[PDB]
2 protein chains.
Amino acid sequence: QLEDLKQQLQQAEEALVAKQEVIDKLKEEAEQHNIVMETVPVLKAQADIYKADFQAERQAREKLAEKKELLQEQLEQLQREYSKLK
Amino acid sequence: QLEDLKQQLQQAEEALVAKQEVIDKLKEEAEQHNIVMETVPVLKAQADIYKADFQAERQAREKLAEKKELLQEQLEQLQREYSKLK
């Protein structure tokens, strides 16, 4: 009854070495994974900065386009008004 | 002792359940990591699309800003010419 236990205990003792080595591999991979993981909030923040730059630029171009068209009309009307007096 | 051995055997059998779940946790985290990693080429593609649109937008804005400045000078100049005749 004692020898019977002694064998199933040494078997389980080796099975803990077998499982600790699996844990030790997965943990080392986990640290390599984490450094890579650090990059993701950085790429996300970069994508946001480029979207905002584009959106601000687009807004500026549209407003600028409106003013130019407005200026052109004023210039044409004024050229016509001036020609009448010269 | 038979009693000492009994405890050590049920504290090795339970320690294998305790180590398998450490393995099962690390493996489940590994799959959640790989899912976050898949986002990397997506954030990179997004940044590139926005970066290109921003650059195309900046060039159109800079051409529009050159024309608007020219019109403004043409307008202030014509205002000066007109004011001379009243």
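Think of each number as a place in line: the chain as shown, counted from 1.
Each Cβ is built from the backbone N, Cα and C atoms, and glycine gets one as well.
So that you can see what the record holds, here are the features copied from Swiss-Prot:
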| type | residues | note |
| --- | --- | --- |
| CROSSLNK | A:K6 | ubiquitin cross-link |
| CROSSLNK | A:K19 | SUMO cross-link |
| CROSSLNK | A:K19 | ubiquitin cross-link |
| CROSSLNK | A:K25 | ubiquitin cross-link |
| CROSSLNK | A:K27 | ubiquitin cross-link |
| CROSSLNK | A:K44 | ubiquitin cross-link |
| CROSSLNK | A:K51 | ubiquitin cross-link |
| CROSSLNK | A:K51 | SUMO cross-link |
| CROSSLNK | A:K63 | ubiquitin cross-link |
| REGION | A:64-85 | region 'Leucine-zipper' |
| CROSSLNK | A:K67 | ubiquitin cross-link |
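Recorded features from Swiss-Prot, shown on the structure.
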residue	record	contacts (Cβ under 8 Å, 6+ apart)
A:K6	ubiquitin cross-link	none
A:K19	SUMO cross-link	none
A:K25	ubiquitin cross-link	none
A:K27	ubiquitin cross-link	none
A:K44	ubiquitin cross-link	none
A:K51	ubiquitin cross-link	none
A:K63	ubiquitin cross-link	none
A:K67	ubiquitin cross-link	none
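With a threshold of 8 Å between Cβ atoms, the recorded sites A:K25, A:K51, A:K63 that neighbour chain B are A:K51.
According to DSSP, the secondary structure content of the region 'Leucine-zipper' (A:64-85) in residues is 20 helix, 0 strand, 2 coil.
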